[PDB]
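Shown next: coords-v2.tsv, containing TSV, C-alpha atoms.
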chain	number	residue	atom	x	y	z
A	1	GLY	CA	-70.76	-66.82	-71.67
A	2	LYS	CA	-67.70	-64.73	-70.78
A	3	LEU	CA	-68.52	-61.16	-69.89
A	4	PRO	CA	-67.23	-58.54	-72.34
A	5	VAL	CA	-66.01	-56.43	-69.39
A	6	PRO	CA	-64.11	-57.33	-66.20
A	7	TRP	CA	-66.20	-58.34	-63.21
A	8	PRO	CA	-64.60	-55.67	-60.94
A	9	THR	CA	-66.00	-52.93	-63.21
A	10	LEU	CA	-69.57	-54.12	-62.43
A	11	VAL	CA	-69.22	-54.32	-58.63
A	12	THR	CA	-70.66	-50.89	-57.84
A	13	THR	CA	-73.55	-51.39	-60.28
A	14	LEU	CA	-74.48	-54.81	-58.93
A	18	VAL	CA	-77.82	-52.27	-52.78
A	19	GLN	CA	-76.56	-49.60	-50.39
A	20	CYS	CA	-79.57	-50.18	-48.13
A	21	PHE	CA	-77.42	-52.93	-46.56
A	22	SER	CA	-74.81	-50.45	-45.29
A	23	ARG	CA	-74.24	-50.43	-41.53
A	24	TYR	CA	-75.32	-47.05	-40.14
A	25	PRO	CA	-73.98	-46.65	-36.58
A	26	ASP	CA	-76.66	-45.87	-34.03
A	27	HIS	CA	-75.74	-42.18	-33.87
A	28	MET	CA	-76.15	-41.88	-37.67
A	29	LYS	CA	-79.35	-43.84	-38.22
A	30	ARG	CA	-81.31	-40.67	-38.92
A	31	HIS	CA	-79.08	-40.23	-42.01
A	32	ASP	CA	-79.92	-43.56	-43.71
A	33	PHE	CA	-81.90	-42.51	-46.79
A	34	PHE	CA	-81.60	-45.95	-48.39
A	35	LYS	CA	-83.57	-47.96	-45.84
A	36	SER	CA	-86.08	-45.17	-45.25
A	37	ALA	CA	-87.19	-45.43	-48.89
A	38	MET	CA	-88.20	-49.11	-48.43
A	39	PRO	CA	-90.30	-51.10	-49.23
A	40	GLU	CA	-91.28	-49.08	-52.34
A	41	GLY	CA	-87.61	-48.38	-52.99
A	42	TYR	CA	-85.65	-45.94	-55.06
A	43	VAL	CA	-84.32	-45.39	-58.55
A	44	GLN	CA	-80.51	-45.30	-58.59
A	45	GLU	CA	-78.79	-43.75	-61.62
A	46	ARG	CA	-75.08	-43.43	-62.34
A	47	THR	CA	-72.61	-42.26	-64.89
A	48	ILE	CA	-69.30	-44.11	-64.45
A	49	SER	CA	-66.52	-42.51	-66.48
A	50	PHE	CA	-63.50	-44.75	-67.04
A	51	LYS	CA	-60.68	-42.26	-67.51
A	52	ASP	CA	-58.93	-42.45	-70.89
A	53	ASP	CA	-61.69	-44.89	-71.90
A	54	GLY	CA	-65.48	-45.24	-72.15
A	55	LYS	CA	-68.39	-44.76	-69.75
A	56	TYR	CA	-71.26	-46.70	-68.23
A	57	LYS	CA	-74.69	-45.16	-67.74
A	58	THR	CA	-76.93	-47.15	-65.40
A	59	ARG	CA	-80.49	-47.06	-64.13
A	60	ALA	CA	-81.68	-49.38	-61.41
A	61	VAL	CA	-84.85	-49.99	-59.43
A	62	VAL	CA	-84.12	-51.22	-55.89
A	63	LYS	CA	-87.16	-52.39	-53.92
A	64	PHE	CA	-88.63	-55.22	-51.90
A	65	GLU	CA	-90.56	-58.01	-53.60
A	66	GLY	CA	-91.93	-60.19	-50.84
A	67	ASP	CA	-89.10	-61.05	-48.49
A	68	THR	CA	-86.40	-60.28	-51.08
A	69	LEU	CA	-84.51	-57.04	-51.72
A	70	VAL	CA	-84.32	-56.81	-55.53
A	71	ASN	CA	-81.93	-54.74	-57.66
A	72	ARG	CA	-82.78	-54.63	-61.39
A	73	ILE	CA	-80.37	-52.67	-63.60
A	74	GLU	CA	-79.99	-51.62	-67.19
A	75	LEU	CA	-76.43	-50.64	-68.13
A	76	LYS	CA	-75.29	-48.97	-71.36
A	77	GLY	CA	-71.57	-48.62	-72.05
A	78	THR	CA	-70.24	-46.39	-74.82
A	79	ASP	CA	-66.94	-45.17	-76.28
A	80	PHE	CA	-64.74	-47.94	-74.91
A	81	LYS	CA	-61.42	-48.75	-76.56
A	82	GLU	CA	-61.47	-52.34	-77.80
A	83	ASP	CA	-57.83	-52.71	-76.63
A	84	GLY	CA	-58.22	-50.71	-73.40
A	85	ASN	CA	-58.17	-51.97	-69.85
A	86	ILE	CA	-61.91	-52.77	-69.84
A	87	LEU	CA	-62.66	-54.47	-73.17
A	88	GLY	CA	-59.10	-55.85	-73.14
A	89	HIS	CA	-59.63	-57.54	-69.74
A	90	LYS	CA	-56.51	-56.05	-68.14
A	91	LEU	CA	-57.81	-55.56	-64.57
A	92	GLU	CA	-56.84	-57.62	-61.53
A	93	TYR	CA	-59.55	-59.68	-59.79
A	94	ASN	CA	-59.81	-57.66	-56.58
A	95	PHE	CA	-61.42	-54.48	-55.31
A	96	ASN	CA	-59.95	-51.68	-53.19
A	97	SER	CA	-61.70	-49.84	-50.39
A	98	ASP	CA	-63.74	-46.75	-51.33
A	99	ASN	CA	-65.24	-43.84	-49.47
A	100	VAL	CA	-68.63	-43.06	-51.06
A	101	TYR	CA	-69.47	-39.39	-50.32
A	102	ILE	CA	-73.21	-38.75	-49.90
A	103	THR	CA	-75.08	-35.45	-49.93
A	104	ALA	CA	-78.79	-34.68	-49.79
A	105	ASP	CA	-80.70	-33.63	-52.91
A	106	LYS	CA	-83.69	-31.94	-51.29
A	107	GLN	CA	-85.31	-30.98	-54.60
A	108	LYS	CA	-85.62	-34.63	-55.62
A	109	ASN	CA	-86.24	-35.78	-52.03
A	110	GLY	CA	-83.22	-38.00	-52.44
A	111	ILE	CA	-79.41	-38.07	-52.43
A	112	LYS	CA	-76.41	-37.73	-54.70
A	113	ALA	CA	-73.10	-39.51	-54.28
A	114	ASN	CA	-69.60	-39.13	-55.72
A	115	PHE	CA	-66.47	-41.27	-55.58
A	116	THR	CA	-63.61	-42.47	-57.78
A	117	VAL	CA	-62.85	-46.19	-57.96
A	118	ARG	CA	-59.26	-47.28	-58.56
A	119	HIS	CA	-59.15	-50.53	-60.54
A	120	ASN	CA	-55.78	-52.30	-60.29
A	121	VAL	CA	-54.29	-52.99	-63.74
A	122	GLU	CA	-52.26	-56.13	-64.37
A	123	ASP	CA	-49.15	-54.08	-65.25
A	124	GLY	CA	-49.17	-52.17	-61.95
A	125	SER	CA	-50.93	-49.08	-63.29
A	126	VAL	CA	-54.36	-47.89	-62.20
A	127	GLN	CA	-57.63	-47.47	-64.10
A	128	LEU	CA	-59.90	-44.80	-62.61
A	129	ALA	CA	-63.68	-45.12	-62.70
A	130	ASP	CA	-65.26	-41.83	-61.63
A	131	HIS	CA	-68.78	-42.29	-60.24
A	132	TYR	CA	-71.61	-39.76	-60.32
A	133	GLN	CA	-74.75	-41.12	-58.61
A	134	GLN	CA	-78.28	-39.94	-57.86
A	135	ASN	CA	-81.05	-41.75	-55.98
A	136	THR	CA	-84.72	-40.80	-55.98
A	137	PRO	CA	-87.36	-42.47	-53.78
A	138	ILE	CA	-90.24	-44.14	-55.59
A	139	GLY	CA	-92.84	-43.81	-52.84
A	140	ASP	CA	-94.61	-40.70	-51.63
A	141	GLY	CA	-93.92	-41.14	-47.90
A	142	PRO	CA	-91.33	-39.19	-45.92
A	143	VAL	CA	-87.70	-40.25	-46.31
A	144	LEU	CA	-84.58	-39.41	-44.33
A	145	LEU	CA	-82.51	-36.73	-46.07
A	146	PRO	CA	-78.95	-36.97	-44.69
A	147	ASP	CA	-76.26	-34.57	-43.67
A	148	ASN	CA	-73.05	-35.01	-45.64
A	149	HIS	CA	-71.35	-38.29	-44.79
A	150	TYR	CA	-69.64	-41.21	-46.49
A	151	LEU	CA	-69.80	-45.00	-46.72
A	152	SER	CA	-66.51	-46.86	-46.24
A	153	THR	CA	-66.30	-50.16	-48.12
A	154	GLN	CA	-64.29	-53.40	-47.99
A	155	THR	CA	-64.63	-56.14	-50.62
A	156	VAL	CA	-63.29	-59.61	-51.41
A	157	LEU	CA	-63.79	-61.28	-54.80
A	158	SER	CA	-63.49	-65.02	-55.27
A	159	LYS	CA	-64.62	-68.01	-57.32
A	160	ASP	CA	-66.84	-71.04	-56.81
A	161	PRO	CA	-64.57	-74.01	-57.67
A	162	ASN	CA	-67.61	-76.00	-58.84
A	163	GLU	CA	-69.05	-73.25	-61.08
A	164	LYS	CA	-68.34	-73.67	-64.80
A	165	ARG	CA	-70.09	-70.47	-65.87
A	166	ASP	CA	-68.37	-67.09	-65.81
A	167	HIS	CA	-69.19	-65.81	-62.35
A	168	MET	CA	-68.13	-63.74	-59.36
A	169	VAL	CA	-68.41	-64.56	-55.65
A	170	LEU	CA	-68.52	-61.35	-53.64
A	171	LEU	CA	-68.26	-60.54	-49.94
A	172	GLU	CA	-68.62	-56.89	-48.97
A	173	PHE	CA	-68.71	-54.89	-45.72
A	174	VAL	CA	-69.87	-51.25	-45.74
A	175	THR	CA	-70.12	-48.87	-42.77
A	176	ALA	CA	-71.29	-45.26	-42.69
A	177	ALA	CA	-69.07	-42.61	-41.13
A	178	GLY	CA	-68.22	-38.93	-41.13
A	179	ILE	CA	-70.90	-37.44	-38.86
A	192	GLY	CA	-84.64	-47.17	-31.59
A	193	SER	CA	-85.36	-47.05	-35.32
A	194	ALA	CA	-85.14	-43.76	-37.23
A	195	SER	CA	-87.50	-44.94	-40.00
A	196	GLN	CA	-90.03	-47.67	-40.62
A	197	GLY	CA	-88.02	-48.95	-43.56
A	198	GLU	CA	-84.99	-49.44	-41.32
A	199	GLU	CA	-86.86	-52.20	-39.50
A	200	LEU	CA	-87.15	-54.27	-42.68
A	201	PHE	CA	-83.38	-54.92	-42.42
A	202	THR	CA	-83.12	-56.17	-38.82
A	203	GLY	CA	-82.24	-59.74	-39.78
A	204	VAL	CA	-80.65	-61.53	-42.76
A	205	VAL	CA	-82.44	-60.54	-45.98
A	206	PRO	CA	-82.35	-62.47	-49.29
A	207	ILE	CA	-81.16	-60.50	-52.33
A	208	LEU	CA	-81.82	-60.82	-56.07
A	209	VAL	CA	-79.80	-58.85	-58.64
A	210	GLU	CA	-80.62	-58.74	-62.36
A	211	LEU	CA	-78.53	-56.74	-64.83
A	212	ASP	CA	-79.02	-56.32	-68.58
A	213	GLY	CA	-76.02	-54.69	-70.21
A	214	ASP	CA	-74.73	-53.47	-73.56
A	215	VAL	CA	-71.15	-52.17	-73.79
A	216	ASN	CA	-70.09	-50.96	-77.25
A	217	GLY	CA	-72.82	-53.24	-78.59
A	218	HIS	CA	-71.64	-56.32	-76.68
A	219	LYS	CA	-74.79	-57.56	-74.94
A	220	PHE	CA	-74.74	-59.53	-71.69
A	221	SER	CA	-76.78	-60.24	-68.59
A	222	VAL	CA	-75.93	-61.04	-64.98
A	223	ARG	CA	-78.02	-62.66	-62.24
A	224	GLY	CA	-76.93	-62.61	-58.61
A	225	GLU	CA	-78.40	-64.18	-55.49
A	226	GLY	CA	-77.38	-64.02	-51.86
A	227	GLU	CA	-78.17	-62.23	-48.64
A	228	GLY	CA	-77.48	-59.03	-46.74
A	229	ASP	CA	-77.08	-58.37	-43.01
A	230	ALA	CA	-77.30	-54.59	-42.50
A	231	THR	CA	-76.66	-54.90	-38.76
A	232	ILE	CA	-73.03	-55.72	-39.63
A	233	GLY	CA	-73.04	-54.10	-43.08
A	234	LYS	CA	-72.46	-57.43	-44.82
A	235	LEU	CA	-73.31	-58.59	-48.36
A	236	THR	CA	-72.65	-62.12	-49.63
A	237	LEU	CA	-73.62	-62.78	-53.23
A	238	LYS	CA	-72.80	-65.03	-56.18
A	239	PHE	CA	-73.22	-63.53	-59.66
A	240	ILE	CA	-73.35	-65.54	-62.88
A	241	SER	CA	-73.24	-64.52	-66.51
A	242	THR	CA	-76.60	-65.43	-68.02
Mind converting the file's structure to structure tokens?
Amino acid sequence: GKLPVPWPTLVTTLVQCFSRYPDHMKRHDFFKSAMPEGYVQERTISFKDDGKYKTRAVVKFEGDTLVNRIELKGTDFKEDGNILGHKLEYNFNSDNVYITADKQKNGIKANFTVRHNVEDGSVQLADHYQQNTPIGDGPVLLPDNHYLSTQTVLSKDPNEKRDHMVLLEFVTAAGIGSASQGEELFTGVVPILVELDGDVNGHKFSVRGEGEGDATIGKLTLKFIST
């Protein structure tokens, strides 16, 4: 069935281990270094003048597949706002995701504000607070401050009757041999599974996505369906 929220508002929730870290920055790639056991990724996404999402995800390898399983809880949305009112354009602007180390948790934090394009020409801000904690006990790479620069295209499968989103994304790190064992799990093309269970103002929904990532070029290609 039709999602109760616009697909662009779920993009950031729906695997930063596929970012391209240039050779001179590979010692700053926390995400891959946490693999295969993975990390817990938590966010609060505050839609300005509207509600918020709170998310928790486990990102880890299961066999040959990188899996991202998320629970999302949305609260305090306006039923006639840009989100529940479906007033956002079907596209996605570039972001710079600013990353800093969180030595106490042996992980990272990240901050950025997404600008969703509204159909009337206005903008809907989605302010992101993020924290990632490794699940395993082994050493991880704790980075110097840097950012991830993103590029995204959203499209449709002309033969898909279900509500869905086709996504192509390129992400490269910027602003600063393998540097970790986990890095080497991403050398080729890696299959991806995404599962999201959501509840926004009591509207329940789920999303399943499948595709592949190529961290050497920072590329994600995925198709998501409402389930």
Mind giving me the straight-line distance from atom CA of residue A:68 to atom CA of residue A:157 in Å, one decimal?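 Separation between atom CA of residue A:68 and atom CA of residue A:157: 22.9 Å.
Atom CA of residue A:38 is positioned 15.7 Å from atom CA of residue A:146.
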Which residues of stretch 95-142 of chain A sit at most 10 Å from stretch 11-36 of chain A, using all atoms listed in the file? Give each one's shortest atom pair and distance in Å (one decimal place), in chain and ascending residue order, as JSON lines.
{"residue": "A:95", "atom": "CA", "partner": "A:11", "partner_atom": "CA", "distance": 8.5}
{"residue": "A:102", "atom": "CA", "partner": "A:31", "partner_atom": "CA", "distance": 9.9}
{"residue": "A:104", "atom": "CA", "partner": "A:33", "partner_atom": "CA", "distance": 8.9}
{"residue": "A:109", "atom": "CA", "partner": "A:33", "partner_atom": "CA", "distance": 9.6}
{"residue": "A:110", "atom": "CA", "partner": "A:33", "partner_atom": "CA", "distance": 7.3}
{"residue": "A:111", "atom": "CA", "partner": "A:33", "partner_atom": "CA", "distance": 7.6}
{"residue": "A:117", "atom": "CA", "partner": "A:12", "partner_atom": "CA", "distance": 9.1}
{"residue": "A:131", "atom": "CA", "partner": "A:12", "partner_atom": "CA", "distance": 9.1}
{"residue": "A:135", "atom": "CA", "partner": "A:34", "partner_atom": "CA", "distance": 8.7}
{"residue": "A:136", "atom": "CA", "partner": "A:34", "partner_atom": "CA", "distance": 9.7}
{"residue": "A:137", "atom": "CA", "partner": "A:34", "partner_atom": "CA", "distance": 8.6}
{"residue": "A:141", "atom": "CA", "partner": "A:36", "partner_atom": "CA", "distance": 9.2}
{"residue": "A:142", "atom": "CA", "partner": "A:36", "partner_atom": "CA", "distance": 8.0}
Would you output that residue set with C-alpha atoms, as a PDB file, in the coordinates of the input?
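The file below, out-v4.pdb, is the result:
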ATOM      1  CA  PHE A  95     -61.420 -54.480 -55.310  1.00  0.00           C
ATOM      2  CA  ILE A 102     -73.210 -38.750 -49.900  1.00  0.00           C
ATOM      3  CA  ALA A 104     -78.790 -34.680 -49.790  1.00  0.00           C
ATOM      4  CA  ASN A 109     -86.240 -35.780 -52.030  1.00  0.00           C
ATOM      5  CA  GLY A 110     -83.220 -38.000 -52.440  1.00  0.00           C
ATOM      6  CA  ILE A 111     -79.410 -38.070 -52.430  1.00  0.00           C
ATOM      7  CA  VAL A 117     -62.850 -46.190 -57.960  1.00  0.00           C
ATOM      8  CA  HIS A 131     -68.780 -42.290 -60.240  1.00  0.00           C
ATOM      9  CA  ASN A 135     -81.050 -41.750 -55.980  1.00  0.00           C
ATOM     10  CA  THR A 136     -84.720 -40.800 -55.980  1.00  0.00           C
ATOM     11  CA  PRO A 137     -87.360 -42.470 -53.780  1.00  0.00           C
ATOM     12  CA  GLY A 141     -93.920 -41.140 -47.900  1.00  0.00           C
ATOM     13  CA  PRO A 142     -91.330 -39.190 -45.920  1.00  0.00           C
TER      14      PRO A 142
END
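Distance-wise, atom CA of residue A:214 and atom CA of residue A:160 end up 25.5 Å apart.
Taking all atoms listed in the file into account, the protein, DNA and RNA residues within 10 Å of (-51.4, -55.7, -69.2) read residues 84, 85, 88, 89, 90, 91, 92, 121, 122, 123, 124 and 125 of chain A.
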Which residue gives the smallest distance to residue A:238 among A:217, A:159, A:193, A:75, with only C-alpha atoms counted? A:159
Of the candidates A:200, A:73, A:177, A:143, which shows the shortest atom-to-atom distance to residue A:224, using all atoms listed in the file? A:73
I'd like to know which of A:6, A:153, A:132, A:204 is closest to residue A:229, using all atoms listed in the file.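 Residue with the minimum atom-to-atom distance to residue A:229: A:204.
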Using only C-alpha atoms, the residue out of A:9, A:221, A:99, A:94 with shortest distance to residue A:114 is A:99
Restricting the calculation to all atoms listed in the file, which member of A:72, A:2, A:81, A:63 is positioned closest to residue A:50?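 Checking each of A:72, A:2, A:81, A:63 against residue A:50, counting all atoms listed in the file, the winner is A:81.
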Using all atoms listed in the file, can you tell me which of A:1, A:54, A:226, A:39 comes closest to residue A:87? A:54
Reconstruct N, CA, C and O atoms of stretch 100-123 of chain A; output as a PDB file, in the frame of the given file.
ATOM      1  N   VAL A 100     -67.528 -43.534 -50.227  1.00  0.00           N
ATOM      2  CA  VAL A 100     -68.630 -43.060 -51.060  1.00  0.00           C
ATOM      3  C   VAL A 100     -69.227 -41.830 -50.370  1.00  0.00           C
ATOM      4  O   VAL A 100     -69.886 -41.960 -49.337  1.00  0.00           O
ATOM      5  N   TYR A 101     -69.018 -40.636 -50.946  1.00  0.00           N
ATOM      6  CA  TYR A 101     -69.470 -39.390 -50.320  1.00  0.00           C
ATOM      7  C   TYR A 101     -70.910 -39.074 -50.717  1.00  0.00           C
ATOM      8  O   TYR A 101     -71.224 -38.947 -51.903  1.00  0.00           O
ATOM      9  N   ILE A 102     -71.770 -38.908 -49.716  1.00  0.00           N
ATOM     10  CA  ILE A 102     -73.210 -38.750 -49.900  1.00  0.00           C
ATOM     11  C   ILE A 102     -73.638 -37.358 -49.472  1.00  0.00           C
ATOM     12  O   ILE A 102     -73.212 -36.857 -48.423  1.00  0.00           O
ATOM     13  N   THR A 103     -74.495 -36.737 -50.278  1.00  0.00           N
ATOM     14  CA  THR A 103     -75.080 -35.450 -49.930  1.00  0.00           C
ATOM     15  C   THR A 103     -76.566 -35.490 -50.267  1.00  0.00           C
ATOM     16  O   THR A 103     -77.002 -36.242 -51.145  1.00  0.00           O
ATOM     17  N   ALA A 104     -77.348 -34.692 -49.545  1.00  0.00           N
ATOM     18  CA  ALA A 104     -78.790 -34.680 -49.790  1.00  0.00           C
ATOM     19  C   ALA A 104     -79.087 -33.910 -51.077  1.00  0.00           C
ATOM     20  O   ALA A 104     -78.363 -32.989 -51.462  1.00  0.00           O
ATOM     21  N   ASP A 105     -80.154 -34.327 -51.751  1.00  0.00           N
ATOM     22  CA  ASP A 105     -80.700 -33.630 -52.910  1.00  0.00           C
ATOM     23  C   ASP A 105     -82.157 -33.319 -52.571  1.00  0.00           C
ATOM     24  O   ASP A 105     -83.075 -34.047 -52.971  1.00  0.00           O
ATOM     25  N   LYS A 106     -82.365 -32.226 -51.833  1.00  0.00           N
ATOM     26  CA  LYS A 106     -83.690 -31.940 -51.290  1.00  0.00           C
ATOM     27  C   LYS A 106     -84.733 -31.760 -52.385  1.00  0.00           C
ATOM     28  O   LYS A 106     -85.899 -32.137 -52.199  1.00  0.00           O
ATOM     29  N   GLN A 107     -84.340 -31.201 -53.529  1.00  0.00           N
ATOM     30  CA  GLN A 107     -85.310 -30.980 -54.600  1.00  0.00           C
ATOM     31  C   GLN A 107     -85.927 -32.285 -55.075  1.00  0.00           C
ATOM     32  O   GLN A 107     -87.130 -32.344 -55.356  1.00  0.00           O
ATOM     33  N   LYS A 108     -85.123 -33.335 -55.192  1.00  0.00           N
ATOM     34  CA  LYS A 108     -85.620 -34.630 -55.620  1.00  0.00           C
ATOM     35  C   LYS A 108     -86.005 -35.519 -54.440  1.00  0.00           C
ATOM     36  O   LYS A 108     -86.365 -36.685 -54.642  1.00  0.00           O
ATOM     37  N   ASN A 109     -85.952 -34.988 -53.218  1.00  0.00           N
ATOM     38  CA  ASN A 109     -86.240 -35.780 -52.030  1.00  0.00           C
ATOM     39  C   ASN A 109     -85.348 -37.010 -51.970  1.00  0.00           C
ATOM     40  O   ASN A 109     -85.750 -38.078 -51.510  1.00  0.00           O
ATOM     41  N   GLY A 110     -84.107 -36.860 -52.423  1.00  0.00           N
ATOM     42  CA  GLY A 110     -83.220 -38.000 -52.440  1.00  0.00           C
ATOM     43  C   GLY A 110     -81.794 -37.638 -52.078  1.00  0.00           C
ATOM     44  O   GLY A 110     -81.571 -36.737 -51.256  1.00  0.00           O
ATOM     45  N   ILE A 111     -80.825 -38.313 -52.701  1.00  0.00           N
ATOM     46  CA  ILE A 111     -79.410 -38.070 -52.430  1.00  0.00           C
ATOM     47  C   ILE A 111     -78.626 -38.088 -53.740  1.00  0.00           C
ATOM     48  O   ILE A 111     -79.086 -38.573 -54.780  1.00  0.00           O
ATOM     49  N   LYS A 112     -77.404 -37.576 -53.656  1.00  0.00           N
ATOM     50  CA  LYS A 112     -76.410 -37.730 -54.700  1.00  0.00           C
ATOM     51  C   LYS A 112     -75.177 -38.311 -54.030  1.00  0.00           C
ATOM     52  O   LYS A 112     -74.991 -38.161 -52.823  1.00  0.00           O
ATOM     53  N   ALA A 113     -74.337 -38.976 -54.815  1.00  0.00           N
ATOM     54  CA  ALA A 113     -73.100 -39.510 -54.280  1.00  0.00           C
ATOM     55  C   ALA A 113     -72.003 -39.384 -55.327  1.00  0.00           C
ATOM     56  O   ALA A 113     -72.274 -39.327 -56.532  1.00  0.00           O
ATOM     57  N   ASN A 114     -70.764 -39.271 -54.848  1.00  0.00           N
ATOM     58  CA  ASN A 114     -69.600 -39.130 -55.720  1.00  0.00           C
ATOM     59  C   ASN A 114     -68.434 -39.911 -55.136  1.00  0.00           C
ATOM     60  O   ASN A 114     -68.215 -39.879 -53.924  1.00  0.00           O
ATOM     61  N   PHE A 115     -67.690 -40.594 -55.997  1.00  0.00           N
ATOM     62  CA  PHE A 115     -66.470 -41.270 -55.580  1.00  0.00           C
ATOM     63  C   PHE A 115     -65.739 -41.753 -56.820  1.00  0.00           C
ATOM     64  O   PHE A 115     -66.339 -41.893 -57.887  1.00  0.00           O
ATOM     65  N   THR A 116     -64.431 -41.980 -56.678  1.00  0.00           N
ATOM     66  CA  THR A 116     -63.610 -42.470 -57.780  1.00  0.00           C
ATOM     67  C   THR A 116     -63.012 -43.812 -57.408  1.00  0.00           C
ATOM     68  O   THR A 116     -62.156 -43.880 -56.517  1.00  0.00           O
ATOM     69  N   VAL A 117     -63.385 -44.852 -58.153  1.00  0.00           N
ATOM     70  CA  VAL A 117     -62.850 -46.190 -57.960  1.00  0.00           C
ATOM     71  C   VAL A 117     -61.510 -46.318 -58.665  1.00  0.00           C
ATOM     72  O   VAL A 117     -61.328 -45.820 -59.783  1.00  0.00           O
ATOM     73  N   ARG A 118     -60.559 -46.959 -57.998  1.00  0.00           N
ATOM     74  CA  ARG A 118     -59.260 -47.280 -58.560  1.00  0.00           C
ATOM     75  C   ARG A 118     -59.217 -48.778 -58.845  1.00  0.00           C
ATOM     76  O   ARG A 118     -59.163 -49.595 -57.917  1.00  0.00           O
ATOM     77  N   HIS A 119     -59.270 -49.136 -60.124  1.00  0.00           N
ATOM     78  CA  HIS A 119     -59.150 -50.530 -60.540  1.00  0.00           C
ATOM     79  C   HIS A 119     -57.668 -50.835 -60.747  1.00  0.00           C
ATOM     80  O   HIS A 119     -56.962 -50.079 -61.419  1.00  0.00           O
ATOM     81  N   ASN A 120     -57.192 -51.930 -60.160  1.00  0.00           N
ATOM     82  CA  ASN A 120     -55.780 -52.300 -60.290  1.00  0.00           C
ATOM     83  C   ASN A 120     -55.554 -52.957 -61.651  1.00  0.00           C
ATOM     84  O   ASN A 120     -56.230 -53.936 -61.986  1.00  0.00           O
ATOM     85  N   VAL A 121     -54.607 -52.430 -62.430  1.00  0.00           N
ATOM     86  CA  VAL A 121     -54.290 -52.990 -63.740  1.00  0.00           C
ATOM     87  C   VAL A 121     -53.151 -53.990 -63.618  1.00  0.00           C
ATOM     88  O   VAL A 121     -52.246 -53.852 -62.787  1.00  0.00           O
ATOM     89  N   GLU A 122     -53.193 -55.015 -64.474  1.00  0.00           N
ATOM     90  CA  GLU A 122     -52.260 -56.130 -64.370  1.00  0.00           C
ATOM     91  C   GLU A 122     -50.799 -55.697 -64.485  1.00  0.00           C
ATOM     92  O   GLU A 122     -49.918 -56.420 -64.007  1.00  0.00           O
ATOM     93  N   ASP A 123     -50.519 -54.546 -65.094  1.00  0.00           N
ATOM     94  CA  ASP A 123     -49.150 -54.080 -65.250  1.00  0.00           C
ATOM     95  C   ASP A 123     -48.699 -53.173 -64.106  1.00  0.00           C
ATOM     96  O   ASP A 123     -47.607 -52.594 -64.173  1.00  0.00           O
TER      97      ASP A 123
END
